[PDB]
Amino acid sequence: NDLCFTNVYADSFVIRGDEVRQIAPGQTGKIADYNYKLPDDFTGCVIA
Amino acid sequence: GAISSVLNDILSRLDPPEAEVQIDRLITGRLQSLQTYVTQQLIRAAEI
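As summarised from the PDB record, the model derives from cryo-EM at a stated resolution of 3.4 Å.

Have a look at this one:
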């Protein structure tokens, strides 16, 4: 709440109760390598 | 302190997010070695 950004992208999807911790940079898995993948150089906040 | 002294061996067997830190440790070590070599060579060049 003290900085501005060029643009903000909000991505919404649904997964199981697990692998929400897996949704992150790295942490190879089925969701990482075949579904929405988070880059290892990330600058955003994941909300679950 | 890296897992192995072989850059390609570190590249494989390791996921990129932590391969980055392993390669970074190796790069820091090798850069320190090169800096020490060139500094000693500068001393010897002054003497010569």
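A. Structural detail: the overall build of chain A. Scanning chain A for helices and strands turns up 1 helix and 0 strands. C-alpha atoms of chain A, sized along the principal axes, occupy 35 × 20 × 15 Å. Within chain A, the fraction of its 48 residues that count as buried is 17%. On chain A, roughly 4,700 Å² of surface is accessible, and the fraction owed to carbon and sulfur atoms is 53%.

B. Layout of the overall build of chain B. Broken down by element type, chain B carries 2 helices and 0 strands. In terms of principal-axis extent, the alpha carbons of chain B reach across some 50 × 15 × 15 Å. When each of the 48 residues of chain B is scored for burial, the buried share is 10%. Treating the 4 positive side-chain charges of chain B as one cloud and the 6 negative ones as another, the clouds have centres 7 Å apart.

C. Focus on unusual backbone geometry. Look at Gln27(A): it is not a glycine, yet its phi comes out positive at around 60 degrees. Relative to the helices and strands, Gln27(A) resides in the segment before helix 1 (30-34). The phi dihedral of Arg13(B) falls on the positive side, at around 70 degrees, and the residue is not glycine. In this structure, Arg13(B) sits in the loop between helix 1 (7-11) and helix 2 (16-47). Judged by relative accessible area, which is 60%, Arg13(B) ranks as exposed.

D. Examining the packing of aromatic side chains more closely. All names here are of chain A. In the structure shown here, the tally under the stated rule is 1 aromatic pair over all chains. The interplanar angle of 55 degrees and the centroid separation of 5.2 Å between the aromatic rings of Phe13 and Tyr36 together place this pair among those described as tilted. Of this pair, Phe13 sits in the segment before helix 1 while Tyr36 sits in the segment after helix 1; the two residues are 23 residues apart in sequence, bridging distant segments of the chain. On the accessibility criterion, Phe13 (40% relative accessible area) is partly exposed. By relative accessible area, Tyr36 is classed as partly exposed at 34%.

E. Quick look at helix 2 of chain B. Residue and element names in this part refer to chain B. Look at helix 2: 46 Å from first C-alpha to last across 32 residues, which is about the 46 Å you get at 1.5 Å a residue. Taken as a whole, helix 2 has its buried residues at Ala19, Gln22, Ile23 and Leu26. If you follow the buried residues of helix 2, they end up packed against helix 1.

Definitions and cut-offs
- Residues numbered from 1 in each chain as written, not as in the entry; some residues may be left out.
- Chains lettered and ligands numbered in written order.
- Part of a larger assembly, values for the part shown.
- Heavy atoms only, no water.
- Helix = DSSP H or I, 4+ residues; strand = E, 2+ residues; numbered from the N terminus.
- Buried < 20%, exposed > 50% of the residue type's maximum accessible area, 1.4 Å probe, protein only.
- Areas by Shrake-Rupley, 256 points an atom, 1.4 Å probe, with all protein chains shown as cover.
- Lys, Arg positive; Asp, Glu negative; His and termini not counted.
- Charge placed at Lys NZ, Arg CZ, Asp CG, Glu CD.
- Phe/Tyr/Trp six-rings, centres within 6.5 Å; stacked < 30°, edge-to-face > 60°.
- Expected span 1.5 Å × (residues − 1).
- Contact = heavy atoms within 4.5 Å.

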